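Protein chains: 4
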Amino acid sequence: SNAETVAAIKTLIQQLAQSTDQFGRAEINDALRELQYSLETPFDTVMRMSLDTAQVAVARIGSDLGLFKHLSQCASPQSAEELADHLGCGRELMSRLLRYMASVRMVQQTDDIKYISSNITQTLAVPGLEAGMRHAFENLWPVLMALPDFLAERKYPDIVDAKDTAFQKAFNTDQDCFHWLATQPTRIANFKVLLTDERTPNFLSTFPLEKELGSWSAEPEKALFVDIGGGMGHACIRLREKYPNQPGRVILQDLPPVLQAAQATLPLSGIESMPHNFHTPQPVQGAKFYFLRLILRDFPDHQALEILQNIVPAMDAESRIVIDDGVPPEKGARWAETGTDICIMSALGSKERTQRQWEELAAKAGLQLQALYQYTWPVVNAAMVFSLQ
Amino acid sequence: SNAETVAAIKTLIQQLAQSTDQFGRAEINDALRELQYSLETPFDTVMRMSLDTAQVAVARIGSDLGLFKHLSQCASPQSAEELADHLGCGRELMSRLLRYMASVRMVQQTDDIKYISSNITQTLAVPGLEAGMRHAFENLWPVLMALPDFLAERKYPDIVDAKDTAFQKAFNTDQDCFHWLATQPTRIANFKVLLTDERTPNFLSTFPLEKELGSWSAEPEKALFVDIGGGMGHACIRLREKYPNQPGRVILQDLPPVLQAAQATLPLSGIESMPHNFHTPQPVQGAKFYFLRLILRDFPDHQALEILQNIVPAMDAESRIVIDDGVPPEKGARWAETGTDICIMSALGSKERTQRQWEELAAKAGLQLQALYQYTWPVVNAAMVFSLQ
Amino acid sequence: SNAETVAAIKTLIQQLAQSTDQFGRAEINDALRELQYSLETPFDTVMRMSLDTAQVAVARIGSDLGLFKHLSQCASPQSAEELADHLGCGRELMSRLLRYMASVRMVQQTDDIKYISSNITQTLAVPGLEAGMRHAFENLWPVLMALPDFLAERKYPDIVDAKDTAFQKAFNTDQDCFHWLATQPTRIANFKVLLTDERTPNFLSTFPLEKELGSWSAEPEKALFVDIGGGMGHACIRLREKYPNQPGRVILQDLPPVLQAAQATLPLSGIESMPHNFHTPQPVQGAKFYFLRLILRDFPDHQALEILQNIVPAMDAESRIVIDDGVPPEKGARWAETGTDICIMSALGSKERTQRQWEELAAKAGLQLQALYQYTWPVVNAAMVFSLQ
Amino acid sequence: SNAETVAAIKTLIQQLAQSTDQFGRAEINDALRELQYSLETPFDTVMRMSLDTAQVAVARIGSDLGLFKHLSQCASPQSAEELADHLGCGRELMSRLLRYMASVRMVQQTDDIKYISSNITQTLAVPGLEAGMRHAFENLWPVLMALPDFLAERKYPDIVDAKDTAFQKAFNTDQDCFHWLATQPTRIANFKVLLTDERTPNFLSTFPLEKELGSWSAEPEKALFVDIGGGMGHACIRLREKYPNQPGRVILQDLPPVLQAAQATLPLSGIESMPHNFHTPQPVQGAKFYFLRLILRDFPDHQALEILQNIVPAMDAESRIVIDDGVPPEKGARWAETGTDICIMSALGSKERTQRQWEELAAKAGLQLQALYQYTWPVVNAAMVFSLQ
Ligand SMILES: C[S@@+](CC[C@H](N)C(=O)[O-])C[C@H]1O[C@@H](n2cnc3c(N)ncnc32)[C@H](O)[C@@H]1O
Ligand SMILES: C[S@@+](CC[C@H](N)C(=O)[O-])C[C@H]1O[C@@H](n2cnc3c(N)ncnc32)[C@H](O)[C@@H]1O
Ligand SMILES: C[S@@+](CC[C@H](N)C(=O)[O-])C[C@H]1O[C@@H](n2cnc3c(N)ncnc32)[C@H](O)[C@@H]1O
Ligand SMILES: C[S@@+](CC[C@H](N)C(=O)[O-])C[C@H]1O[C@@H](n2cnc3c(N)ncnc32)[C@H](O)[C@@H]1O
Ligand SMILES: C/C=C/[C@H]1Oc2c(-c3ccccc3)c[nH]c(=O)c2[C@H]2[C@@H]1CCC[C@@H]2C
Ligand SMILES: C/C=C/[C@H]1Oc2c(-c3ccccc3)c[nH]c(=O)c2[C@H]2[C@@H]1CCC[C@@H]2C
Ligand SMILES: [Cl-]
Ligand SMILES: [Cl-]
Ligand code: NA
Ligand code: NA
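Chains as they are written, first to last, in the deposited numbering: chain A, -1 to 387; chain B, -1 to 387; chain B', -1 to 387; chain A', -1 to 387. A prime marks a further copy of an entry chain.
Now the structure itself:
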C-alpha cells in the first residue's frame, strides 16, 4: 500500500530526527529538500517555482488578520466560518485561505474540516519572527523582483557598491538601503521588532572564553566585551548569564534610538549602554573582545574595512576583534547561506565571505586570524578571533 | 555518522521511489515536503519563506543569460569563469549565481568546483517549461505581491469579478487580465510558448471511449470531438493517435493566432482547425464530445456559465460536454491544487472547484453529471462527462 | 546498489536501535527475526533449520579449544595459522572453523583474512555465559532430540511427570533430571558456573518496596527477605545494595554446596547463608518476603504446589510469597518464552505459566495475588506478590 | 511509539524486498541476520543458541502429526482444540506446540487465538522440503552432536577421509556414510524423497549454451549432455525445456534404483536413462557436456579426483566437463556455504571448495578452467566449464 509506505517513511524520519540533536535535524531537513528536488518531475519543478511564492503573500494576509496569534491561543478546533466571523474576513475567502494554509502546514486541518495551530502557526504568532516574514515580503521581495532586469540593463556587472545595486531600481532612489530606510516609518517599526528576534544557538555554546582570556586582567577598570552594533544586547546578556562573576566591563554600543529600545529588556546593572557610531573611532581602549555579530556581512569590503580600521587603533596586544558571522565553505555551500548572499548583494551590495575572504579582509586592516569557533551546522556561523598582525 | 545516517535516508527513499510509479513518487514527494515543514525550526520557517522566492528570480536570470540551455548541451563540466565569458556575465556575479543555483539543484557543482546540468537544468532549457517559470516571474509574482494590501484595503471581500481583483492593482489598469495580456507583445509571445508544454498523463489513459460512445454513429458528417480552446491541439493529436480508426470529425477550436501556431505540429490530415471564440455560439452541432480542458478554471461562475450556455444549444441527446480540469477534494487538498486557487483568484477572479461545485455550476447550464474519470493522483484532474438534464 | 541498499538498511536500523533502550532494542530484534522468516524462500527455511544448530556444536568446539577467551584478550588480528598453533588445532580445521564462525559473527574476519573478537566472542568467553552454551549442548540438545519419538511412541500425551518425559529416554535412566544431574560431576560443575550469570534487569527496578512494606516492623529478629533457592544470592546482594538502611534479616537459602560456592562473592556482613532444602518445611517464621526466583518454573504443578505448601505455614498476615518468574501472555507469546516451555516440558515435565495459571496454582496453596510488578519487556518476567487467602 | 517504529521498519523492509528480485531479497535476509547478531545482548545470544535447536524438533513433531499439510489445506482458522482432536494429539500438548510454532512463524496465530498456515507451514507440507528437515533431524544432528568430542578425542586433526570423521562415532560404524546408508530403510525412503526437491534457480538461467557449443556438431549421433549422477534428471528436463530443438543425445546416468524412481516423472521421449556407476569409466564418448551437479562436494579430493579421471578418457577436444557446485569466496563467505562445509566435513569427510581449490583439483585430472557461470547470489553456485589441458 502506497499510503502505508508513505506513513512508514514519515514515522522513521520522525524517529530519526527526534533522537538526534538540532544539528542532525538540520542535516536531515536539507536532505529531504535535496530528495524533493531530485524526485520532482519537470512539471513539478515549474509548479513549485510558480506556487511557493504564494506562501509569503498568504502569511502576510494571515498576519494582517491576526489569524496566527488567534489560532495559537484557541483551545479547540475552529471552523472556517467561526474564524471568518471572529477575524472580520469574508467567509469564502477565509475558507480558501485556510485550505491553502493547511496544505503547506501553516495551519492544520482536522478530519471534520476544522483548523488548529501548527508549529508554523505558533512561529508566525511570535512578533520577532512574524516581523522576519513581513520583512521578506516588503523589503526582500521588491529587490529580488528588480534584480533580473537590473542585471540585464547593466550587462551583468559584478556588484560591489551599496549605492549601485538592485535596491535603487526597486525603490526608485539613489541612496543606499540603510539611508533610505532611515526615512520610512512602517519600515522602521518592523525593523525595530526584528532586532528582538534572538538567534539560537549562539557563539557562547562553543567559545572557550577562559582559554581565550589567558592571563588578561580586568584591573583596574578594563572592558571584557564591547558589543559593537549590539542591537538589543543579546550577546551581552548571554555573556553575563553564562559567566556571571567574570571581571570586566561589558558594554553595548549602538545608535541612541536602538539603545533606548534596549533599556526595557536589559538587566538593571552589569551592562553599560554606550552610544557609538561604528563609522567613528572606537572609544573603549584595550578591551579584551571587540565583538561584531552579523555586522560586516551587510557591507562591501571597502566599508567593512573602514569599520575594522576604526577599531584597530583602540587595541592593545591582548585585545581581539571577534567577528561572529557566516563562514560558508569553498564548495557545497547550503541554500541558506547562498540565498542570503544573493539577497544582500541585491539590497546592500555586500556578500557572504568564506574563511579565506574574511582573512583577506582582516589582513587589510592589519589583523591575523588566531582561532575560529564554529557554533552552527551545517550552515556555518562561527566566532572568528583576530589579533593585531 | 550523521552524514552516514543522512546518506542512508537518501539511499532508501531513492530506492522506494524508483520502485513505484509516477503517482507513488508524487505521494512520496508530498510526504517529504510535509516532513520538512514539521521538522524545521521557527528560524528555519522564516529563512525558507525569506529565500525560496529567490529561486524564481535567479532562474529568470539564468534564462536571460541562456545558461540552462548552454549547460544542458555541454559535454564536460564547465568552470564559472568559462561560463561567465561564454555567456557575457561578470565573473564574480557568475560564480555567485552558480553557487546559489547548485545549492538548490538548478545546476550541479562538482568536487573541483565546476558545473554540470541537473534534472532542473534540463527542465529549464525546455522552451515550454522555461516559459512557465518566466510566467511565474512576470505575471504571477506581481499579482501575489498586490493581494495582501488589496484584501486589506477592501476589507477582505469574497472576490468574484475578473475586473475587480488584485490584477488591477498590480498592473495599474482597469482591464481584466486576459484582455490586458493581449495588448502586451513580450507577454503574449511567452504565453504562446507556454502552450507547447503538454501535460502528462492525459485523460485518455482512463477515459473509456468505447463505453461512452455506445452505438453512436458519425454519419453524414458529425464530429466525434470538438476541442474548445484546444491550444496546440494536444488532446486532438492524442485522440487520433490512440483511436486512429474511430470515425468522426476531430476539430480543434481556438482563436486564429493560436491555430496558426499549431499548424506546424498538427498532423497533415485528420484534425480540422476551426477558428472559434468560445464566448460566442458553438457552430458545430450534435457533436459527441465538446471538450473543455483547463478552460473553465480561468473564469468566475458567471463567465464559466456563459461559456457552457454557448455550447448547450448545439447539443443533441447523445452529445456530452467533457470538462477536463482540477477536481480538488473537500478536505486534505494538496498544495498544487490550493496554491493554484489563490493564484487564479488574484489574477483572474476564478477558483478551483470541488466535484460538488462543478455539478452546481453545470446544473445552472441545464447539465447533469454522468461520469467522472480521474487520471492524476494525488492531485485530482478528471474528465467530467455532462449530458443535458 | 543492492549492496548500497543493504548497507543503508543496516545504518538506519543501527541508528534506531542506539537511540532506544534495552526493551526497544529487544522489540527491534524480534521484528528482524519475524521479517527474516517471512522473507525467506522455502529452500532458505530448510537450509536455516539444517544449519543453525551447527552453531552450538562449533561454539562448544571453540570453548573446548579456549578460542574465545584467547581471541578476546588478543590485541591484534590473528591469522588462522597463529590461532591453530597456539591452541593445538590442525591448521586446516582451524581455518574452516574460523570461516564458519565469522559467517555467524562468533568471531570477525578482517579484510586480510585475519580474525578478531566479536560481541559474541566476548560473550562466549564469560564463564557463566559459556556454561549456558555448554548446557544447551550437553543437556538441552539430547532431550530435544528424544522428544519427537517419545511423543510418537506414547501417542502424544500431555506430559505432567518429571519422571516420565523425554529426559528418561535421552539419558537411558529412570531418574528425574535433577537427581540424575547430581550424580554427574562434569555436569554439576558446569551448572555451578551457570549460577554465576546474573540476569539484568532485575525485579528491584520496578518493585515498590516501600509501598509493599508499609509499617512492617523488623523487631525482635524478623527477616525482611528470605531467598529460597537463591543460588549465588544475587537477589540478596542487589536488595542490600539498593536499600542498605532497611532493617530486617536478609537470608540466602540453598543447599550446602551452592552456599559454599557463594561465600566468595557475598558481602562479609548483612546476608546470612542458611542451608535449607525447599522440599522441607520453611524454618524462618513470619518473614516479610519469601522469594522464589526461577524456581517454580522447573516443577510440574504437583511439585510446585508442594514447595509452596512448605512455606505457607510459616507465614503470618503480613508475609508475602514473591514469585519472580516468566509470565507469558495468553496470546502473541515470544520465542524466548515459548521455546523455554518446550525445553522444560522435555527435560523437567514442567511448563511456563500465564498469570491466570500462576493464580490457579497459588490458590491451591491458599494464596491470593495482591500485585504483579513486570520488569522485563517484551518477554514477561514479573514479581508476583501473594498473600494468604 | 516503539510499536509504531517497529511496524514502520517492517513496512519499509517488506516494500524494499517486494520490489527487488530474489537475489536482492537474499541479500536483505542476510543483512537482517547480521543485524540481529550484532544487536542481541549477551544473554540473548545464549538464549538463541539454547532454543533455536527446538525448531527442528518441533518441525519433526508437526510432520509426524501431519499438522502442516492439514493446516495448509484449511479454509478458515482452526482452534488448538480442533487441531488436537483432528490430528490425535493431547489437547494441552497441541496448544503448547502451536504457541511455540506461532512464535517462530511455523504457523500463524490469529487475534482470537486460532491458527492458520504461514509460508513456512506450506513449505513443511511439501514432501521434498519436509524430507530436508527430517534429514537435518535424523542424519545431520547426530553427526554435529558427535563432532566436538570426536575432535577432542583425536586432538583436532584435519579431517580428510570419509571413513574417519564424526559420522563413524555418531552411528557406531566403521564404514563411510554412503555405504552405511545403503543398509537402512527409513533413511533410504526419506533420501528418496529428497531427490525430488529441485533447486531454483538453475544453471540454465545464465549458461550461454549456444556460445559454449561453438561449431560442435551432434552428427552422426553424439551426446549433447550426459548428466552424471543426475538423480531424477531435473537438469536434463530443464535443458530439453529451454532448448527443445537443439540436436544431440541427452542422457541421464545414475544407479538402477534411482533411474527406476525417475521414470515416473521423466518425459516420454528425448531423455535416455543409462545405468552407470560414476566410479567406473564413462561409457559415452565425445559428448559436448559431461555434467556433475552437487556430486564432487560430497567427496574428499582423492575420491573426487577419481570421479573426474573416469570421465577424462571419454573426452574429445570439444568435450567439456561442467561442474555445477558451490564456489564460496576466499573471504566473507556466507553462513549457508560455511555451515554446509562443516556438515559435509562431519558426515562425509569432504569440503566446500573455492574457485582456486576447484582449479587445483581439476588440474590433477588434466583439466583447465575455460569459463565460470554464476547463477545464484550472494551464496555462489556456478557452472564451471573445464577443457582438456
Ligand atoms: C543585524 S542588526 C543587530 C546585530 C547585532 N550584533 C545582533 O547580533 O543582534 C545591526 C545592528 O547594527 C546597528 N547599526 C547600524 N548602523 C550603525 C552604526 N553606524 N553604528 C552603530 N550601530 C549601527 C543597528 O542599529 C543594529 O542594532
Ligand atoms: C490554458 S490554455 C488551454 C489549452 C488546451 N485546452 C490545453 O489543455 O492545452 C487556454 C486556451 O484557451 C484559448 N482561448 C482563450 N480565449 C479564447 C476564446 N475567447 N475563444 C477560444 N479560445 C480561447 C487560448 O488561446 C488557449 O489556447
Ligand atoms: C535456576 S537456579 C535459580 C537461583 C536463583 N533463584 C536465581 O535467580 O539466580 C535454581 C536454584 O535452586 C537451587 N535448588 C535446587 N534444588 C533445591 C532444593 N531442594 N532446596 C534448595 N535449593 C535448591 C539450586 O541450587 C539453584 O541455586
Ligand atoms: C546430490 S544427489 C543428486 C545430484 C544431481 N546431480 C542433482 O542435481 O539433483 C547425488 C546423486 O548421485 C547418485 N549417486 C551416488 N553414487 C553414485 C554412483 N556411484 N554412480 C552414479 N550415481 C551415484 C545418487 O543416486 C544421487 O542421484
Ligand atoms: C497557462 C497557465 C499558466 C500558469 O498560470 C495560470 C493562469 C494564468 C495566470 C495569469 C495570467 C494568465 C493565465 C490561469 N489558470 C491556471 O491554472 C494557471 C496555473 C499555470 C501553471 C502554474 C500555476 C498557475 C496557477
Ligand atoms: C539454569 C538454566 C539453564 C537453561 O535450561 C533450563 C533448565 C534446566 C534444563 C535442564 C536441566 C536442568 C535445568 C530449567 N528451567 C529453565 O528455564 C532453563 C532455561 C535455561 C536458559 C536457556 C533456556 C532453558 C529453557
Ligand atoms: Cl495539476
Ligand atoms: Cl526471560
Ligand atoms: Na551565492
Ligand atoms: Na567452513
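For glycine and all other residues, C-beta sits at the position ideal for the given N, C-alpha and C.
Of all residues in the stretch 129 to 149 of chain B, only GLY130, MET131, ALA134, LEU138, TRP139, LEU142, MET143, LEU145, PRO146, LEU149 come within less than 7 angstroms of chain A when Cβ atoms are compared, listed by chain position. Neighbours of A'/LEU30 in chain A, taken as residues whose beta carbon is under 7 angstroms from its own, are absent, since the nearest beta carbon is some 16 angstroms off. Between B'/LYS190 and B'/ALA82, the CB-CB gap reaches or exceeds 7 angstroms.
Put simply, the CB of A'/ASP339 is near chain B', with a gap under 7 angstroms to one of its CB atoms. Listed by position along the chain, the residues with Cβ atoms less than 7 angstroms from a non-hydrogen atom of ligand 8 are B'/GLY324, B'/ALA334, B'/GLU335, B'/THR374, B'/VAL377, B'/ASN379. Within the same chain, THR108, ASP110, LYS112, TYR113, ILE114 come within 8 angstroms of A'/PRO75 by CB-CB distance, once the 5 residues on both sides are set aside.
Taking a C-beta distance under 7 angstroms as the contact criterion, B'/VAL4 and A'/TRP333 do not qualify as a contact pair. In the three-state reduction of the DSSP assignment, B'/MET230 falls in the coil class. Proximity of chain B' to B/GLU2 at the Cβ level (cut-off 8 angstroms) is accounted for by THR9, in chain order. Out of B'/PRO140, B'/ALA164, B'/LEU264, B'/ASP159, the CA that lies nearest to the CA of B'/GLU151 is found in B'/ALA164. About 6 angstroms separates the Cβ atoms of B'/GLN251 and B'/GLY228, confirming a contact at the 8 angstroms cut-off.
Looking at the backbone, the Cα of B/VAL54 and that of B/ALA134 are separated by about 8 angstroms. Chain-ordered, the chain A' residues with CB closer than 7 angstroms to the CB of B/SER17 read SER17. Proximity of chain B to A'/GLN13 at the Cβ level (cut-off 7 angstroms) is accounted for by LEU14, in chain order. Excluding residues up to 5 positions away in sequence, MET104, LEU122, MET131 lie with their Cβ nearer than 7 angstroms to the Cβ of B/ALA57 in the same chain. The C-beta of B/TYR35 comes closer than 7 angstroms to at least one C-beta of chain A.
With contacts defined as CB atoms closer than 7 angstroms, B/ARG238 and B/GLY268 qualify as a contacting pair. If you check the C-beta of A'/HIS277 against ligand 4, you find a heavy atom less than 6 angstroms away. Taking 9 angstroms as the Cβ-Cβ cut-off, the stretch 103 to 118 of chain A' approaches chain B' at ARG103, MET104, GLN107, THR108, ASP109, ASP110, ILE111, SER116, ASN117, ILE118, given in chain order. Cα atoms of B/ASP225 and B/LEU193: separation of roughly 14 angstroms, rounded to the nearest angstrom.
Shown here, A/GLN355 sits in a helix according to DSSP, grouped into three states. Counting the other CB atoms within 10 Å of its CB gives A'/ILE186 a total below 16, which places it among the exposed residues.
In this structure, B'/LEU266 has its beta carbon at no less than 6 angstroms from each heavy atom of ligand 3.
Taking each of A/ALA100, A/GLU25, A/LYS286 in turn and checking the Cα distance to A/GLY212, the smallest one comes out for A/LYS286.
If you look at B/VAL256, you'll find it in the alpha helix (DSSP H) that goes 254 to 260. Within chain B, no C-beta atom comes nearer than 7 angstroms to that of A/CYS175; the closest sits roughly 16 angstroms away. By the criterion of a C-beta distance shorter than 6 angstroms, A'/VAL325 is surrounded in its chain by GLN353, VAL378, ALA380, once the five residues flanking it on both sides are discounted. Separation of the CB atoms of B'/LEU37 and A'/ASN27 is rounded to 5 angstroms, and the pair is thereby assigned contact status at 8 angstroms. Going by C-alpha positions, B/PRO155 is about 55 angstroms away from A/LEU370. Within chain A, the residues whose beta carbon sits less than 7 angstroms from that of A'/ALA6 are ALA6, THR9, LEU10, listed in sequence order. Note on geometry: alpha-carbon atoms of B/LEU306 and B/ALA360 lie some 8 angstroms from one another.
Closer than 9 angstroms at the C-beta level to chain A, one finds these residues of the stretch 68 to 92 of chain B: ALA82, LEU85, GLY86, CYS87, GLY88, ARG89, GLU90, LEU91, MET92. Listed in chain order, the beta strand (DSSP E) runs fully inside the stretch 176 to 214 of chain A' amount to none, counting runs of at least 3 residues.
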